Every structure is written in structure tokens, then in C-alpha cells.
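Just so you know, residue 1 is the first one in the sequence shown, and it goes up from there. All ligand and atom numbering here is 1-based and tracks the order in the structure. All values below come from the heavy atoms of this structure, side chains included, with hydrogens, waters and symmetry mates left out.
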Amino acid sequence: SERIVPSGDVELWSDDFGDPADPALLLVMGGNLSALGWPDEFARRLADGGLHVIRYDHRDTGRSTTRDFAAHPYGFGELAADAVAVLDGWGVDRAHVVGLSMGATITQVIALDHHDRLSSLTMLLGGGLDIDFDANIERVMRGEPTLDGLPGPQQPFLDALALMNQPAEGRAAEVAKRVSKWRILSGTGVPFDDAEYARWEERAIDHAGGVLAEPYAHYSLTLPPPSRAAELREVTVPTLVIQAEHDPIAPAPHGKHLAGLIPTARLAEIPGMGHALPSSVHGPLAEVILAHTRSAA
Ligand SMILES: CC[C@]1(O)Cc2cc3c(c(O)c2[C@@H](O[C@H]2C[C@H](N(C)C)[C@H](O)[C@H](C)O2)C1)C(=O)c1c(O)cccc1C3=O
């Protein structure tokens, strides 16, 4: 089913998978990505393990309130509170939360400021609050080292940004362009199927009322200050950090480092995986998440 839930001065679209009586699992997408950034088939695979999977559209994506950012600025505090508002909107007291990419940053803020709403935490394709990510993009382009000493974003990330700059006229061209971006980010370490990713983007575009432009508000966000990383030492819910082996945006050992910030964190690695969700990794991802959520209950 689907519902629109209130969150302060925005309204958030959300839908679910699985039995409403199973333990809640909240999926938190990356930046500029709507609910449909989580493929339906992945959400189903997770739910069919015994979870009530809920996903939603961040503000400024999908069918959620979309606004001129300059006139109404917000940050990760709002993005985290919105995630909790989705739990409120489904009557969920505590949820297994899964944060992906920029969503892992959102979920670290949930862990700090809404810890009471967590059954467990899972983060993948991201890194710690002490990683000055936007500054690191600038540094890698100039050939300067990151100040954290961990690897910055790699060439496939830069390539994906370059493709995102190229024009696409019409729906077919937009879908092909988006698929080409995911193919670059996924890499070749696991099987990538263009047809399945095309269908997933067709659904994402349909979900956005057929509009072809990607969301862009989240490019205006400012990250939490690195001081907040130290606060993660107080987190006590079971935490799983998943490293995609060949992640071009947050390469190893980002994962390990993020896990090292949280006393209850355990690290897993998906062999061959890049910064994308081809169906080739749905089984492995669902397996490790389900084992984790089971141990937290
Ligand atoms: C383009 C793919 C992308 O980089 C995927 C991604 C990956 C990561 C992050 C992102 O914000 C994002 C998103 O970043 C967005 C927003 C980001 N801001 C404002 C933080 C910046 O504008 C970037 C170019 O696009 C998009 C992070 O913020 C991040 C972090 O803060 C710490 C460790 C890892 C990451 C990411 O892997």
C-alpha cells in the first residue's frame, strides 16, 4: 500500500512490502533518489525474509514536497527527522533502518538524534560523519590528499558526473543515460543487466509523473560537521556496515572506518559489488541484512 505522511512543513510519499505485522525495516535512499531507487524486486526479497519493508521519497524527490531550496533551506537534521516521520506515519515505534550512500549519512544522524526509534542500523555505500566528502571531491580533482587519509572518490565517480552533464532529449534517451550512469558506478565485478535497470528507471520516471529531470535539491546540502563522528561512540543498537568491494565513491576501507566509529558495529563485504543495486547482489545483500535484523530481535 502507499500513503502520504506529514513531516513538519513537507509531505512525504511512502509505500511498503510484506506483512504489516512483521518487524519494520525502513529503507533510506541516497541523495536525489526517490523510493524507486530501491528496486521493487529488492524490497520484495528483503520483505519475504520476514520484514515489513517501508521505503519513501526524500523531500525534493518523487511525489514528496518539492520546493526551491534557496527559499527554504534544510540539512541532514531535516532529512533524518523526515525518516522518523515516516515511522510515525506507519505507527512504527522502532525500526531496522538501512541507509545507502548519502542515506548512510542520514542514518548516522538518526542514530545520534533519534536513537530511541531504532531496532538496528545498517549502512552501505557510504562512510563516516568525519569524512569531509564534498571537500574530498574537490581535493581528488586537484590531486590533493584527503585530510582523513582514506581514499577519495575514484575515476568511475568522476565519469558518472561527466555523463550526468551530457544532454538527453526525450524519455528513451533519459532512461539510457541513467542506465549508462549506473553501469559505470556498478562496475564489472558483478553482473549488470541493462534491461532490468532500464525498467527500474522507467518506474522511477513514472513515479515522478513522467518528469525526465532528476532531482537536484540535495546538491545544495551541507554535511554535518566532523565533530559529530565522536558522538557515535554512544550508539548501542546493533550496527551492520556493508562495504561494496569495488565501491568507486566510498572505497575500502571506508567501511571499516565507519564500523570503527560505533561500538556495536560489525563489518561485511559484498565481493565484486560497486555503487549500484543490480539484481546479482540482491540475494547476498538481503541475506546479510536479514541475518543482522534477526540477531537484533
Ligand atoms: C553523485 C553521486 C553521490 O556522490 C552519491 C553520494 C555518495 C556519498 C555521499 C553523497 O552525498 C552522495 C551524493 O552526493 C551528492 C550530494 C553531495 N553533497 C552535497 C553532500 C554533493 O553535492 C555530491 C556532488 O552529490 C551523490 C556522501 O555525503 C558521503 C559522505 O558524506 C561520507 C562518506 C561517503 C559518502 C558517499 O559515499
Side-chain angles (χ1 to χ4, degrees), residues 28-34 37-38 58-61 69-70 73-80 98-112 121-142 146-166 177-178 180-187 204 213-229 232 241-262 265 267 270 273-277:
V28 181
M29 242 298 114
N32 297 130
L33 290 154
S34 73
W38 296 108
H58 289 119
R59 61 172 74 192
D60 294 297
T61 76
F69 186 95
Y74 59 86
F76 281 79
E78 280 86 359
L79 290 168
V98 181
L100 181 142
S101 198
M102 196 186 89
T105 300
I106 297 169
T107 56
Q108 285 166 80
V109 177
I110 296 175
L112 292 180
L121 197 53
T122 295
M123 296 173 281
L124 68 161
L125 307 192
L129 293 180
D130 57 350
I131 305 305
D132 211 7
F133 178 73
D134 292 340
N136 287 343
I137 294 168
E138 183 168 45
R139 282 170 171 285
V140 296
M141 291 189 292
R142 296 183 187 246
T146 62
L147 303 195
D148 50 77
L150 301 169
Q154 302 192 314
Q155 192 56 234
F157 177 67
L158 303 181
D159 290 348
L161 289 182
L163 279 211
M164 284 154 72
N165 300 300
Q166 300 180 0
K177 172 180 170 180
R178 292 182 187 194
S180 78
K181 170 188 78 184
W182 293 117
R183 187 167 175 160
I184 287 163
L185 292 175
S186 200
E214 298 181 347
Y216 56 83
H218 300 359
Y219 298 122
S220 295
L221 293 165
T222 295
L223 294 168
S227 60
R228 302 225 68 196
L232 288 161
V241 181
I242 308 171
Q243 174 71 245
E245 191 189 8
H246 296 143
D247 195 327
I249 312 185
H254 269 291
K256 185 187 177 192
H257 174 258
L258 172 55
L261 297 173
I262 294 155
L267 181 70
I270 308 297
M273 186 180 170
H275 204 98
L277 301 172

* Given that the side chain starts at C-beta and the backbone is N, CA, C, O, which of these parts of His254 lies under 4.0 Å from ligand 1, counting heavy atoms, or is it both or neither? -> neither
* Heteroatom distance test (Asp134, ligand 1): nitrogen or oxygen, under 3.5 angstrom -> yes
* Structure fact -> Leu223 heavy atoms within 4.0 Å reach ligand 1 at atoms 20 (C), 28 (O), 31 (O)
* To do: For atom 26 (C) of ligand 1, decide whether some protein heavy-atom distance is shorter than 4.0 Å.
  => no
* **Other residues, nucleotides, ligands: >12 heavy atoms within 6.0 Å of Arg183 CZ** => no
* To do: Write out the residue and atom name of the closest protein heavy atom to atom 34 (C) of ligand 1, then the distance separating them to 0.1 Å.
  => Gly127 N, 3.4 Å
* Structure fact -> Result for side-chain contact (heavy atoms from CB on, under 4.5 Å) between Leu221 and one of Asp134, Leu79, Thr105 points to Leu79
* Out of curiosity, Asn136 CG to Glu138 CD, how far, rounded to the nearest 0.5 Å? -> 10.0 Å
* To do: Identify the protein heavy atom lying closest to atom 37 (O) of ligand 1, giving its residue, its atom name and the separation to 0.1 Å.
  => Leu125 O, 3.4 Å
* Could you tell me which non-hydrogen atom of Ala265 sits nearest to which non-hydrogen atom of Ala259, and how far apart they are? => CB-O, 3.3 Å
* Compare all side-chain heavy atoms of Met273 with those of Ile242 and state whether any distance is below 4.5 angstrom. => no
* Any side-chain heavy-atom pair from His257 and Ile131 closer than 4.5 angstrom? -> yes
* To do: Below 4.0 angstrom from a heavy atom of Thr105, which ligand 1 atoms are there? Numbered from 1 as shown, please.
  => 30 (C), 31 (O)
* To do: Would you mind checking which non-hydrogen protein atom is closest to atom 5 (C) of ligand 1, with the distance to 0.1 Å?
  => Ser101 OG, 3.3 Å
* To do: Check each atom of ligand 1 against the heavy atoms of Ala250 and keep those under 4.0 Å away; list them by number with element.
  => 37 (O)
* To do: For atom 3 (C) of ligand 1, find the nearest protein heavy atom and state the residue, atom name and distance (0.1 Å precision).
  => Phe157 CE1, 3.9 Å
* **Proximal atoms of ligand 1 relative to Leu221 (non-hydrogen, under 4.0 Å)** => 19 (C)
* Is there a donor-acceptor pair under 3.5 Å between the side chain of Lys256 and the backbone N or O of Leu267? -> no
* Asked: What protein heavy atom sits nearest atom 24 (C) of ligand 1, and how far off is it?
  -> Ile137 CD1, 3.9 Å
* Structure fact -> Judged by heavy atoms only, the candidate from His275, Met164, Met102, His257 nearest atom 12 (C) of ligand 1 is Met102
* Asked: Do you know which two heavy atoms are closest between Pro248 and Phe157, and how far apart they sit?
  -> O-CB, 4.0 Å
* To do: Give the residue and atom name of whichever protein heavy atom lies nearest to atom 14 (O) of ligand 1, and the separation in Å to one decimal.
  => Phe133 CE2, 4.1 Å
* Quick one: does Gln108's side chain have a donor or acceptor within less than 3.5 Å of a partner on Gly127's backbone? -> yes
* Work out which heavy atom in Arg228 is nearest to a heavy atom in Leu112; give both atom names and the distance. => O-CD1, 3.6 Å
* Give the atoms of ligand 1, by number and element, whose distance to some non-hydrogen atom of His218 is under 4.0 Å. => 16 (C), 19 (C)
* **Heavy-atom gap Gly126 to ligand 1 smaller than 4.0 Å** => yes
